[PDB]
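The chain below stands alone and is given in C-alpha cells; this is the form solved without the RNA.
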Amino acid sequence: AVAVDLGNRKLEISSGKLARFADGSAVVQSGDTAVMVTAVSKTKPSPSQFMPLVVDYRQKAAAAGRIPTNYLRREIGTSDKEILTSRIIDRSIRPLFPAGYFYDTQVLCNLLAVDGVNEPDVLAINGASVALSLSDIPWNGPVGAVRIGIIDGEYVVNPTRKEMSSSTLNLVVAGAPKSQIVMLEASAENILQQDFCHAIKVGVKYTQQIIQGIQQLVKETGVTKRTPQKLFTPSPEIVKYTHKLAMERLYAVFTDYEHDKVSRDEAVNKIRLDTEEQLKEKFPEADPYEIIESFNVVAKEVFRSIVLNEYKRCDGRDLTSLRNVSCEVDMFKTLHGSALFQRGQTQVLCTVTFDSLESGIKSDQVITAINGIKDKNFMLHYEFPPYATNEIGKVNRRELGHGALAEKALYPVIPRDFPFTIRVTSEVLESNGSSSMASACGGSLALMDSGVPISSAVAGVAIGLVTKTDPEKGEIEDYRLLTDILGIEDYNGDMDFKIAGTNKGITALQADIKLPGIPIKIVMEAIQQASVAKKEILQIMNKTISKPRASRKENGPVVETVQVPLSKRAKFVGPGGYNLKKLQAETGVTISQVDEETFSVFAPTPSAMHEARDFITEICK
C-alpha cells in the first residue's frame, strides 16, 4: 500500500488482496473511485508472429449505482468510451514490452467503484502499470499517467468531473522513467501552442512522482520476472548476412523517387523473395519466421539510414515538405455537404448529413450507443473500407479510434445551438498516410460547403520520427522529424504524431510513440514543425473554400410545426402512436409532439415535407 501525492490529490496503490491467481494485479484508488487491473501472459509462445496484446477496459453499470436501462439482456456490447479508454491504455504499455515477446497477453480493468468525481480512466492506466510491474511478465519500467486541465488559466492535475466541464484542455500524459513520454492524448479548445506545450511539461513532472511511488511498491513487494523460453528476434549473424545480400538493392529502391506506393512495395517484395531464397542454404536450421524478420530488420535499417545520413526521403521530399494537396467541394447534388480531400496517394470522401435533434439522443437495447449524447449534437463517423488498401476484409477499434480523433479536431469550431444534428462521414477511398488527419481537413471543407457556420477551418497533419540510438547507452543521438509521413515512413519510423488545429491554435493531438519513450525536446519540436505544415495546408484548403456558404443547400432539411385539432388528434396519432411511427418509416419525416395542439415536423428534404404534408392533410380531412 503506497500513497502518491499529486498536488491536492492522493493516489492509493494496493496489491496482494484481490485476484491472486492472475500473473499481476493491482488496485488503484483516488478518492472513492477504485479500479482493479489484472494482467495475464501465457508462457507458451503464440503461433502468430507478433505480440498479441489485448486491453479491455470493462465499465460496469454497477459501481455507478445504475441498473442497466430498458432491455432484456442486461449487457450487450462495447461502448465508444470503453474502446477509447482501452486504446489509451494499450498505447501507454505496448512500447515498454521487450522485442520478440510473442506471447498472448491480456490486460483487464474492472471498475470496483465510481463516485462520479474522480475519473477512472486515468487510474486504469496507472493500474495497468502497477499490475505489470508486480507481475512476472517481462516489462520495462513503470509508467505514470496524469490528466492535465486548464481551468481559469491554472494547470490542474487529475481534474474532477466538475472541473473537466470548465477546462479548455483535456491532456493525458503517460511518462516513463527519466522524464520520457510514452503516450500523448489531447483535446484542446483551440488553445495557443505555448499554453499547450507548458501543460505537457507540467504533466511529465507529475508522472515522475507516480513512477517513484510504484518503484517503492515494487521494492517492498519483491517482484521477480519470468524467463521467457524464447524471445523472437533474429540472430545478429543472420541479420548481418541479410545486410550483405540486399543492402545495395534496397538502397536503390528507396532513392528511386519515381516509385509510388504500390511500385515501391512490389520492388521491395521482389528483393524479399530473391533474398529469402538464398538465406535458406546458408542457414538451413533457421526458423521460417526468423528468415522473414531478418529482411524486415535490414529493410528498416536501410530505409532509416537514408533519411538520417542524407536528409532526403524515399519520395525525394525534404524533411519539412508536404505531399500534393488537392480539394473539391459540392460534388453530388443531393448531399447536404461534400468534399473530396487528396493528400498524396491518400483520398478521403467526407459527407455532411443533417439529422433531427431528437436523433441526437439514443437509448435502450444495445450498449454501444446506450446513453447516446454529444455536447454539440455533432458526431463524426470514420470508415476504412478494405479496398482503400486493395485488400479483402470483413465489413472495429481503429475505425472508432480514428473517428474520435477526427471528431475531437473539429469539435471546438462547431457552432452551438445549431437547429439540426450534424453528422460527418469520412470514407477513406485510398490510404497511403494519415487518412485520420485528412478526415479533419476534408470534414472541415464539407462543413463549410454544407453551410455550417464554423468558427475557423481545421487542418491536421502527422509527423514522423527517425532516430539513431546506440545499444551501449540507449540514448537518442540524433533524430529527424518528418512532415506528412507516408505509410512506409510510419511503418519504419518511431512515431505517428498526429495533431490538428486551426491556424491560431491546437484542437487535437494523438502521439503514437513506438519507442520506449522520447524526450520532451523532440515532442516540443514536433508541435512546432506541425504548426508550419498546418498553416501551409490551410492555405491550400482556403483557395478551394475560405468561408462557409451563406445558407444551407436548397435540398436540405426543413423544420415546421403543423396544427392538428384536438378532435382529430386521435385519428392522427393512432393506436398508441401507430400512425405516427408508420409515417416516419415510409417517409423520412420525424414528428414530435411539441404541444397537445402542435406537432413539430422534421423533413430531411423538401420532397419529404410535401409527401408527409399530404399525409397530414388527408388525415385531417
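Here, rigid core means the biggest group of C-alpha atoms that superpose within 1.5 Å across both forms. Numbers follow the displayed sequence, beginning with 1.
Omitted here: the form deposited with the RNA bound. The next part is about that form.
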| query | finding |
| --- | --- |
| Contact stretch among 580-588, 51-59, 554-562, 31-39 - heavy atom within 4.5 Å of the RNA in the deposited complex | 51-59 |
| Answer option from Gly451, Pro415, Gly360, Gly487, heavy atom within 4.5 Å of the RNA in the deposited complex | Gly487 |
| Partner-contacting position among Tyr491, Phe97, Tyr251, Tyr155 - heavy atom within 4.5 Å of the RNA in the deposited complex | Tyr491 |
| Partner proximity in the deposited complex: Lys178 to the RNA, non-hydrogen atom cutoff 4.5 Å | no |
| Distance check, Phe384 to the RNA in the deposited complex, heavy atom within 4.5 Å | yes |
| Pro47, heavy atom within 4.5 angstroms of the RNA in the deposited complex | yes |
| The RNA contact in the deposited complex: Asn377, any heavy atom under 4.5 Å | no |
| Stretch 232-269: residues contacting the RNA in the deposited complex, 4.5 Å heavy atom cut-off | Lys261, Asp265 |
| Mobile residue between this form and the one not shown, C-alpha criterion 2 Å or more, rigid core, from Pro138, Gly372, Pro385, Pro453 | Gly372 |
| Yes/no, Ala570 Cα shift of 2 Å or more between this form and the one not shown with rigid core fixed | no |
| Post core alignment: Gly65 C-alpha displaced by 2 Å or more between this form and the one not shown | yes |
| Yes/no, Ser263 Cα shift of 2 Å or more between this form and the one not shown with rigid core fixed | no |
| Direction of the Cα shift between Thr85 and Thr69 in the deposited complex, where the change is 3 Å or more | closer |
| Change in CA distance between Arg66 and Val117 in the deposited complex, which is 3 Å or more, as closer or farther | closer |
